[PDB]
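This document opens with one chain alone, in structure tokens, the form deposited in one PDB entry.
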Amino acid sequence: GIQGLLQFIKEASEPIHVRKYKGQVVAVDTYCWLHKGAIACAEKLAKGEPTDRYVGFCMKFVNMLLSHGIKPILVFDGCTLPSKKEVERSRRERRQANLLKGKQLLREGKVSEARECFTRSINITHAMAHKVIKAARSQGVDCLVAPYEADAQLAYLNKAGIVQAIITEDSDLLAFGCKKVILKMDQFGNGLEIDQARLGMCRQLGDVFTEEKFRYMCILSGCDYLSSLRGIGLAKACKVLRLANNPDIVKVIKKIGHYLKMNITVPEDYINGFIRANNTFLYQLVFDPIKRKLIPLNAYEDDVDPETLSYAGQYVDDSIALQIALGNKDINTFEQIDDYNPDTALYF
């Protein structure tokens, strides 16, 4: 995600405990729990051997949140966004290597170094995620599989008032316009919360605490959607936005060499890349739990054209979207693997 964002705005953070959300609703990026739980049993998962330690690992977190009187909404990743469809695969292959290498590193005796090999080959499948989903439903905990990336979905759940805070390890949530993000939370409840409103507590941030400018900064610094121009980090991007008296971001990016007083040349496809990135942060498709409909993260502004935003996710039928969201329909094969019905007993 946004490389080095947390340290950049550490002044806006605060050590908290989950009890401050007792009697309120919190959405969870379940992937972090799934991964941290999968580390404990990477060996069995790599060899294909049966294991389910990650289920219990997630469930102790769930039971903790429930013990402190909090209503958790588990959120999962869905279809891979086209913008990263290569990237993920570019990661995928590497995992395979760390499998083929890893096992061979066990043939040389080095099990200590094979640890890092098998732990860097972990692939969180939809099956494992669904096992966790069943394990959560058995405890009466609502779940929700995002149409695509879970970040946008969580951001929506928080900006809609459905949840008050979001538990995750990804800082990208901030660039999506999240209000309250709880980072680094152990199995006991000790966490680190960052609020959007308190982004002004960061001196080096300047006046770049507004959501739009902050987003521009995050994108310009380098993200999953668009690699940053070489030599551009959070600081110099922030400086560009501070020295800019211009609302139109395109002309500003074209004048980056003027704002940084450097010889920076901007490729004309990088402009389009920035536009696509911004449109992805703004209008990535998410699922509305209440209205049961595929909607963009934010309402389409008048200046944008929804017909040209396929890279931000494609629309499907709202019923199918519902079946995906409930985790009944497989992300890949589009086949029914379950039949949960919330009616016959999040979705008001």
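Residue numbers run from 1 along the displayed sequence. Here, rigid core means the biggest group of C-alpha atoms that superpose within 1.5 Å across both forms.
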(request) Could you bin the unmodelled part of the deposited chain lying between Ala345 and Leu346 as none, 1 to 3, 4 to 9, or 10 or more? (result) 4 to 9
(message) Using only C-alpha atoms and the B-factors in the entry, which stretch averages higher, 283 to 291 or 36 to 44?
(response) 36 to 44
(request) Going by the average Cα B-factor in the PDB entry, point out whether 262 to 270 or 108 to 116 comes out higher. (result) 108 to 116
(request) Have a look at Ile73, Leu100, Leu220, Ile166 and flag the one whose Cα has the highest B-factor in the entry. (result) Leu100
(request) Go through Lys239, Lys184, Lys213, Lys179 one by one and give the residue whose Cα B-factor in the PDB entry is largest. (result) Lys239
(message) Per the entry's values, where does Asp318 land by CA temperature factor relative to the rest of its chain, in the lowest, middle or highest third?
(response) middle
(request) Quick one: classify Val304 as lowest, middle or highest third of the chain based on its Cα B-factor. (result) highest
(request) Divide the modelled residues of the chain into thirds by Cα B-factor and specify which third, lowest, middle or highest, holds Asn158. (result) lowest
(message) Which third, lowest, middle or highest, does the C-alpha temperature factor of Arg276 belong to within its own chain?
(response) lowest
(request) Could you say whether, by C-alpha temperature factor, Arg198 belongs to the lowest, middle or highest third of its chain? (result) lowest
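One more form of this protein exists, namely the form deposited in another entry; it is left out here, but the text below deals with it.
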(message) Once the rigid core is superposed, exactly one of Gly161, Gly109, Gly140, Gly231 has its CA displaced by 2 Å or more between this form and the one not shown; which residue is that?
(response) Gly109
